[PDB]
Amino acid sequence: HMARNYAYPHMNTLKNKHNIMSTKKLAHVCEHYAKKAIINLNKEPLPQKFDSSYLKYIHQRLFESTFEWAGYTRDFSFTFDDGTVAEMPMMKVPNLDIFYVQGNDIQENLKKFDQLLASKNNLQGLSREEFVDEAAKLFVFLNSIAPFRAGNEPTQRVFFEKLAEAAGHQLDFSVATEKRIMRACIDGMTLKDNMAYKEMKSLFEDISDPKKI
């Protein structure tokens, strides 16, 4: 019942601070502010701890001009300015018959995500190959959580680009096609144990290659 409260009562478009009713126009305005926020974000030092708090902060910065719930995950019972309360425990993977992590498990998974990074020292002190391997596995995991109502993709990309930088390497998702990145995410959620990570590893190899220039 509460999931419909993220969108307008009379249109499917997501509620937003711009009062924009076209999903197409909203997307554009959204990309605009996200880009502006990245400029200020890039001036800040890299955090000591790479964790869900930092992920939320990125999402907050990317979307605070557009979404009232920016920075809040979809298990958070969010009160809009209009008085309605929104929450989204069930979110399906688009076009496929699988679900992202259920709302009630988001916190435990994000905690596990935080623990892995901390245990592995934010993937520092590794070779580019080792980083690529570990990073790809963590990316697949986080992708399957999809902790936010929307804006998961650009948020997780900024997070991993920052993680790579702090780990002494580089990741530039813009060097690869959207079709390929999606294909890797899908493989990550559909293929058996070993194979799930393969396309993501392959992607990360390419987008971490300085000759990307």
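Numbers follow the displayed sequence, beginning with 1.
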When the C-alpha temperature factors are averaged for each of 202 to 210 and 1 to 9, which stretch ends up with the higher value in the entry? 202 to 210
Averaging the C-alpha B factors as listed in the entry, name the stretch that ends up higher: 95 to 103 or 69 to 77. 95 to 103
Which one of 157, 149, 32, 56 shows the top CA temperature factor in the record? 32
In terms of recorded Cα temperature factor, pick the maximum from 178, 153, 64, 187. 178
Report the third (lowest, middle or highest) to which the CA temperature factor of residue 16 belongs, ranking only the modelled residues of the same chain. lowest
For residue 145, the third of its chain by CA B-factor is the lowest
Quick tally, chain-level thirds of C-alpha B-factors: residue 130 sits in the highest
When the deposited Cα B-factors of this chain's modelled residues are ordered and cut into thirds, is residue 122 in the lowest, the middle or the highest one? highest
Entry-reported Cα temperature factor of residue 84, expressed as the chain third it lands in: lowest
